[PDB]
Amino acid sequence: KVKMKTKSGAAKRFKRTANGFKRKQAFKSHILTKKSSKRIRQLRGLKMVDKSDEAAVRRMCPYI
Amino acid sequence: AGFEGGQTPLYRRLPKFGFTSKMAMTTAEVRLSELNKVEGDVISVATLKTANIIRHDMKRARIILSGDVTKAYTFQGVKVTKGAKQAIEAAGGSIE
RNA sequence: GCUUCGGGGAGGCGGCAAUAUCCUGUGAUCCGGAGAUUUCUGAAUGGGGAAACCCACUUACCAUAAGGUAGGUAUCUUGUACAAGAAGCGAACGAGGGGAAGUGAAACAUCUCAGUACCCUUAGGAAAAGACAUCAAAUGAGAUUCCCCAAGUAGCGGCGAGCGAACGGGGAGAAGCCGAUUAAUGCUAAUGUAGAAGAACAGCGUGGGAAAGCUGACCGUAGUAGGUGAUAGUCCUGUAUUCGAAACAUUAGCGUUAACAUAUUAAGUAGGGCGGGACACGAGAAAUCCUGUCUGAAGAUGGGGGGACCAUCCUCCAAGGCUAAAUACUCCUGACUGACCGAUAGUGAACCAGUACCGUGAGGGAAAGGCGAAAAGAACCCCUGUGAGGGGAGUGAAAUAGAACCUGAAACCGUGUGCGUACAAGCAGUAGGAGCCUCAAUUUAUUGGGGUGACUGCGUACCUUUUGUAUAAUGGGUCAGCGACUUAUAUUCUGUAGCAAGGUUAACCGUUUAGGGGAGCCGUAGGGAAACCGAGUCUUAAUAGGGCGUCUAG
RNA sequence: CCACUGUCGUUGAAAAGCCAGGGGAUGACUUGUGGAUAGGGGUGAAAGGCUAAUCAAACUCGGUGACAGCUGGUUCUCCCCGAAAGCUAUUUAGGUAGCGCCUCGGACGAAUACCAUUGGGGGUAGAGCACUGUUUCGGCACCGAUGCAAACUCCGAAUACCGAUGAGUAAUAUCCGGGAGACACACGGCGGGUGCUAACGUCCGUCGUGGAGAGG
RNA sequence: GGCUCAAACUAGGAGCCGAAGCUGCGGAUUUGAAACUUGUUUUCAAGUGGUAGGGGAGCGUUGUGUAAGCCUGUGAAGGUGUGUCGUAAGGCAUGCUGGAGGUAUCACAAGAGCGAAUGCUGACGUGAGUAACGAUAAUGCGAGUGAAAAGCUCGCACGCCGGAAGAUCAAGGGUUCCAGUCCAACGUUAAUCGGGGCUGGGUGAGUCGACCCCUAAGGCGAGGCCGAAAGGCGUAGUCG
RNA sequence: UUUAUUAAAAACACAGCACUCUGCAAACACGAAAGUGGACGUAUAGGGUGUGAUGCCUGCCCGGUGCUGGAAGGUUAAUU
RNA sequence: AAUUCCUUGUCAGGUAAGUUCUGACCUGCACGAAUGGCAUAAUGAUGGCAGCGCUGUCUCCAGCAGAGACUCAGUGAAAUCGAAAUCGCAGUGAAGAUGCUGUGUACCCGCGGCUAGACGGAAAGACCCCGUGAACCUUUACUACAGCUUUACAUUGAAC
RNA sequence: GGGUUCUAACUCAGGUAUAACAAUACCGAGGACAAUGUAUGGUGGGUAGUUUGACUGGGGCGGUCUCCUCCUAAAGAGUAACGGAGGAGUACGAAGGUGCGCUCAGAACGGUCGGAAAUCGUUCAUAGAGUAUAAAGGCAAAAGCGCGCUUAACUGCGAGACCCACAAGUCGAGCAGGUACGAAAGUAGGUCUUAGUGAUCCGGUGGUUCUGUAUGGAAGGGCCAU
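If you're matching them up, the sequences are chains G and F in order. Everything in the first sequence is counted per the working numbering, starting at 1398 for the first residue and increasing by one. Everything in the second sequence is counted per the working numbering, starting at 2 for the first residue and increasing by one.
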């Protein structure tokens, strides 16, 4: 039967936590010599998805 | 879904990360409170499947401290956390 | 329309659509089975051809004239110049050979659309597939097909748009063989194709007519059927129930016959290079399958697979053939149903519709139902042209039910009555307001209802679109009818109800909204990429710090 | 057989004609009958001509209910509330998305608004020449008189903004979630840029009104 | 309009007019508040302009159950008036028409509401009794018939064509041909007339044409060649 | 000759001229191929292109891009 | 100049007067030799200019003839159209008013003419812009493919 | 590792028979060529599918598009125009850290070449200089200028704030570890600050037990850095 489809590229970017979604940060893939060690430190790891982006993330990933 | 008027969308601005494990899809966590659906005293993977606690395609199960047990149980082939283990042996069970 | 075998029992010679001659108990019409006849065209088949036509040849016979009767004469395939087939048409579903684009990606080329539309070949009641050179990795299972899950998961993917499994679980059905083939023939049983019987209501009042009203009965294994002059279990046809077949068909069982088939374990095969295709899988780290090209084994001391690849282990034996069911579908036959339509609806088509009409053609493609219960469809008279049309008469319950006929709306056009209106400037009304006219009460011009509206104040339509419209911006000649937020599934939130740390089954089974079916799903725990750990966990050398969680209702 | 000129006709007698004239009229002529070439194809003494009143790609059917950020339309009633025409981004600019603004529900409860008193930072209006410039006169670049400036300041308000305390009044503020709409704004004041201190001009800021508001 | 010790202007002053503002009176309604407490009642306070839009409460229509009910020939639905009731959508009653059906209530489901879309179909308006009546070759009159004669028939006269507007065919059409009869519609008027309606009749071949024999272009084409399939080509021939 | 239906011309064609291709299973064209046209022709022929009776005539440029000839060198595919 | 922008170039001719015409000059924006140059008899419903003749082309229109128009009888369209009790002017106003303000004028209804307005009718402007619209055409835009061509393998062999 | 020859594959749109077309046989001419299949390079508007931006006092043309400084900007922030003016797309292992030390520009006077201006001496001199660079704001504890030693231009992080639709961006005391300088208290996570920049996907590299499709590996993937 027909079902809602997940946006698979968004499911590759967002994961379910208890009260929201987690994600990695941008600006860490390349050209990193010029960036300060503070930015390299702090752009590492997870952030939460912003509450303004949360409805879009729920629309894109309706099963995770 | 996923469109912001032509600006590169959020999911495409962020990076992909992680990989999917196949072990996680056959590991199941079992709560102490669900144990009342077990028929008998032995708590094994087969018995957890019979009680419909875990899916029949699960290969292994973990017992965690979520509720509380009411009777003595015997655990054979399931991993039990430290809190769940002390609750089991406080309620008179055993782990092997 | 002819014969016959059955049925049936009084009418009948199909409809518009009657009339005439007639037929029918010596059994008609009618219904069912079988048979005979069956022009010409069309696969069209003797040759040709502008379909329904032209022209033949030949065998036997008859005629004696210029013909007649009965045949034979297409092509291709398979068998010994001879016999048997085929051909064409026609719903959907199957299998196969070819295979788009619009569209989506907010452009577009990879990709999508989609292996879809379409073209082409060819079956059968189904087809295809099918018995492991299959999966699995668990304590292993055990062909194919279909359904519910697994799961919008794992993956694939300008990692975009999208595409999208499998393992395994629950079911339906189960089967494995070496001919599970086809076609006749005969018995046996059943069915079908016409039929037969089939209960029980009277009186009174109303009414054109009773089935409705009142009173009192009766049948019921038959009471919500269709009709009948209004609404009938007892008026008719029916229904419940019980039943018939000379003949032929079909289905199953047994026996016989004749046609075909009947491998014996599989080499130009597996594998490989190159180019493509299929696999959810777009070359990707790409297994597996197919093959255009070029090659090319081992051959049970062997070989295939287990997603690059190697080792170990497990499993299975390709290069022979077959095989029911569960599954797909409706041109159709029967029965039954519908919170489906009711004449602008429902089929395009309720009616002489794939018609009229339009087009060279392929093709497109309408409109159009209703008197009355019964035609009792208006004898006759009158006006008129022996016309139309009408008025009497008559029929009918009703004729403004009179055939263009039920009802008979609106736009639109008349006729009659009342009031107003020919010195006055504009969205035509509204708020006042004199007069006149008309009905009803009232003791008699006084009110109240109705029509009209001199005169006065105010007052530039509606819709849409806009910053803003009387706008000289859009749209509408008017009326009547029709005409636009739906449906299926997924998902989220809210309400409500049942259950509640639990809730709920799906497919299926079922004597079927019950009951069963727990597979599965959601909730009950999170952290982390993951291993892993767990009220914690991740990062870190850190027990520090910090992140995300804990600190209940689904 | 043609079609050069003009009138007429243009809801025509005619979806290309009539009338008066005009050209060729033994030729690369005209014409009958049959046949051939078919759609990205044909045919073309070449005009993209013609291919059945259809041609820069015929017609019919099918894909097909193509797509349409565009235009139009969108049908019963009453009650409550009630916008925006901004910011950011955008192959974006008349589309859309997040935020702002509306509504509904829930949580919370004064954390909000007004005013009084009070703690702050400022470089504007004004003003001024101390700097950067610019300017006139006198004496001799310097002295003295005298002006001016968005990108000058030795100075410097009012308002505004950010805090504190306190009364009274008030259908506050904030957060979580369901549903939006809107992202063409217009004018009148105020402060400016632009223009010409033009514009019912244009671009900002701020207030009011319209939008979406009748009444005088 | 008109206005001059103003009906102008300056400065005062006092009255009055003036809005859907405010007050008075009556009524409805949203929210909140003290209570027999779900609109059970009496009030009180603050509100009640509105597009996009959000929220709330209802009306009507078709259909299903309720309903083998209830109503209905002592008159259903529908149509057309009137009265009456509700904030509204709308309800109810009743006269006339109509002639056979309808549907309370509460649920339930929708092909559920139309003025616009240069919407679709039918009908009917305005323009308007207006333009036009189709070659400017042309008609006049006497008789006849007839309900009726400019148009038909007959007659006399007149006019037009006459390398046609006469005659024979082919193509194409298909009965239009001839007679009798009729005039509704058709004929751009009338019609007694007609290529209109109806009913009858009419087409005669060895020599005319076709058929037939023969072939052109060009088709089809045993075998044959080519091509995924479909098909394309082609020889002998066979058509044309 | 032409824009059937607003353009008849100075546009197209034309005899004539040039360049170039083509040795015959020709080049070239249709076609998937078979089969065709070219042509039952044969370089005085056939195709393509330009120009356009006739008279007088037609200058310079081979840098670019084509075409033709050449191959010393550099680069260079599958393949191996 | 079918080519010249400046430009009606200059000079000459033709006319009373000539942005056109003819001749010439050369300062050729921006001629030129087979995308042929310069000429050229004949020819052309070809272009420009000039004359004779001739005229209602005109000054300047008059008269007449036929067919309509007009009236009567018969038959009987059209597009358009929200509804109309549908006047001028100066203002106003979504900015050019029958409809709004003020004011002027005007008794009600035809017929023949007329076309100044009703931003009159007709055709969802073709100009212009816009749309991540279409088509067809072009090329040393991109990406492909047909065709042509190269080599390797196969068909495919032997000897020196 | 090439040519020459041969014939037997293959070719003939040659002749002779087979009625004809075709095929077949023979003869003749070619001949391992040609031709065709697969693969491959070139060429290829012959044909197909498409693209060919936006802003803009209409569009085109021109200009512009990201970042920094000043003004516009109305004394908090922010605030537009195809408004007025300028810069950036780097540099530097010292021009970074620390400890220590120092003070500039100009003018006048004196002094060999030597002046208007070189170097030297004196006196005035809050900066009229410098600050790697545009501008603004800053700068004496100098943030300006020298010398010694050095690698804190560290690793793990970070209470808390600014700014902000998001994605981003900015500042940051403090804590742990390892240091550099200083006698020490201490200072140091680059540079006086504000420009010197580019998400994701994809691919490469240095690491890492995380995963590893029967199992052990491996491939591939993940995580950290680039």
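Quick reminder that beta carbons are idealized off the backbone N, C-alpha and C, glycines included.
For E35 (chain F), no alpha helix (DSSP H) encloses it, and the DSSP letter there is neither H nor E. Separation of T9 (chain F) and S1426 (chain G) (C-alpha to C-alpha, rounded to the nearest whole angstrom) is 17 Å. Annotated as distal: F1418 (chain G) and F1424 (chain G), with beta-carbon spacing of 9 Å or more.
Secondary structure at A62 (chain F): strand, using DSSP grouped into helix, strand and coil. Cβ contact annotation for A73 (chain F) (same chain, cutoff 8 Å, sequence separation greater than five): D42, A92, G93, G94 and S95, in chain order. Taking the Cα positions, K1409 (chain G) is about 42 Å away from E90 (chain F). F18 (chain F) reaches chain G at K1421, counting residues in chain order whose Cβ is nearer than 7 Å. Among the CB atoms of chain F, one or more fall inside 9 Å of the CB of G1406 (chain G).
In the three-state DSSP reduction, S22 (chain F) falls in the coil class, being neither helix nor strand. At a beta-carbon threshold of 9 Å, the residues of chain G lying near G3 (chain F) are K1404, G1406, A1407, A1453, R1456 and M1457, ordered along the chain. Contact with chain G is absent for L66 (chain F), since none of that chain's Cβ atoms lies less than 9 Å from the residue's Cβ. At a C-beta separation below 9 Å, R13 (chain F) has these neighbours in chain G: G1406, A1407 and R1410.
In this structure, the alpha-carbon of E97 (chain F) lies about 24 Å from that of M26 (chain F). Secondary structure at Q1422 (chain G): coil, using DSSP grouped into helix, strand and coil. Taking the Cα of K60 (chain F) as reference, the smallest distance to any Cα among F:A29, F:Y12, F:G84 and F:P16 is reached at F:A29. By the rule that beta-carbons nearer than 9 Å mark a contact, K1425 (chain G) touches chain F. About 5 Å separates the CB atoms of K1404 (chain G) and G3 (chain F); that is less than 8 Å, so the two are in contact.
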